[PDB]
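In structure tokens, one chain follows: the form deposited in one PDB entry.
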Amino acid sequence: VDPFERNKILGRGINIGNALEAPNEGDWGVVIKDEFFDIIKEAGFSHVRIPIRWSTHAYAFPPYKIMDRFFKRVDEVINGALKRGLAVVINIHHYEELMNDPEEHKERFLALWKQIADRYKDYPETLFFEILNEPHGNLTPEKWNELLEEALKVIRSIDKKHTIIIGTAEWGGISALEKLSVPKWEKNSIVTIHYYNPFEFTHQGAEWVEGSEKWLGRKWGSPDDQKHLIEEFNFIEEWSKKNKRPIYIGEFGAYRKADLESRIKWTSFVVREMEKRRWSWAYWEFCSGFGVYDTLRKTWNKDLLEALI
């Protein structure tokens, strides 16, 4: 299998967030309606990324069994998307104890991946396995290198067909990319990066971010703006060429509080620069605080959808 061809198949996408990665689906404002897949496919997207919180739906002690009821729900989400001809990225996302206590939670994490790989091993090749969303905290770059290799071994003992998606430590951005090590023996993986630069721009006024109001009225689109973003993407590209790993920008987006123009400029510029590099990508996110589709009103944000598609 050619991971670069798989990365093309992945192509352009959107996160369905604040859904299955909450403690329970619906706790953070989104429930994944089957209808979403028609809406997303009709808009021109190639895939969906489904953040999933397995840790709150599995037993705490060995054999760490994932609940039947939750597996059936995930089946339903995956198959709903596949049915529209969309590719699907599933992950483990918000395993909070793992980030803080990797030494204890490694065993449970790997048992989760054994179960997941086993259940979906015969699913279409348009399903992608993303090991872990944004490794951070006590799960350092070195420890992530250790964990991801063990995850690869566990998954590969079960499934050698599906493409695996591997993120970076220190919250999944470009800072820890140079530290990232993918075993040479693994030949069907895509590296994922989450891009929100400039952070002060994209997160201006972000309520969950400390002192973010200091950045309100921040604009983007200037020409140093463009030089810098191009430079940061050149770094990613270079690493990609040197290591021969395809790239997936699994998350990117600018908060609402950002002005709609600069928002448009930033979004359309990021998109065009990613597509120059043949990178797959997923906008964060479908319908929440960074949402481009209002689910109550059933309307797309036309300006932003145009920037994306």
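In case it trips you up, residue 1 is the first one in the sequence shown, and so on.
Between 206 to 214 and 112 to 120, point out the one with the higher average CA B-factor as the PDB entry records it. That would be 206 to 214.
Going by the B-factors listed in the PDB entry, is the mean over the C-alpha atoms higher for 152 to 160 or for 95 to 103? Higher mean C-alpha B-factor in the PDB entry: 152 to 160.
Highest CA temperature factor in the entry: which of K244, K65, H47, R53? Top of the list by C-alpha B-factor: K244.
Per the entry's Cα B factor values, which of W144, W239, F129, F71 stands out as the maximum? Going by the entry's C-alpha B-factors, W239 comes out highest.
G13 - which third its CA temperature factor falls in, relative to the rest of the chain: Tercile = middle for this residue's CA B-factor.
Could you say whether, by C-alpha temperature factor, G137 belongs to the lowest, middle or highest third of its chain? For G137, the deposited C-alpha B-factor lands in the lowest third.
For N24, the third of its chain into which the C-alpha B factor falls: Within its chain, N24 is a lowest-third residue by C-alpha B-factor, going by the deposited values.
Within this chain's modelled residues, let me know which third the CA B factor of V271 belongs to: lowest, middle or highest. It falls in the middle third of the chain.
Hey, what third does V30 fall into on Cα B-factor, ranked over its chain? Middle third of the chain for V30's C-alpha B-factor.
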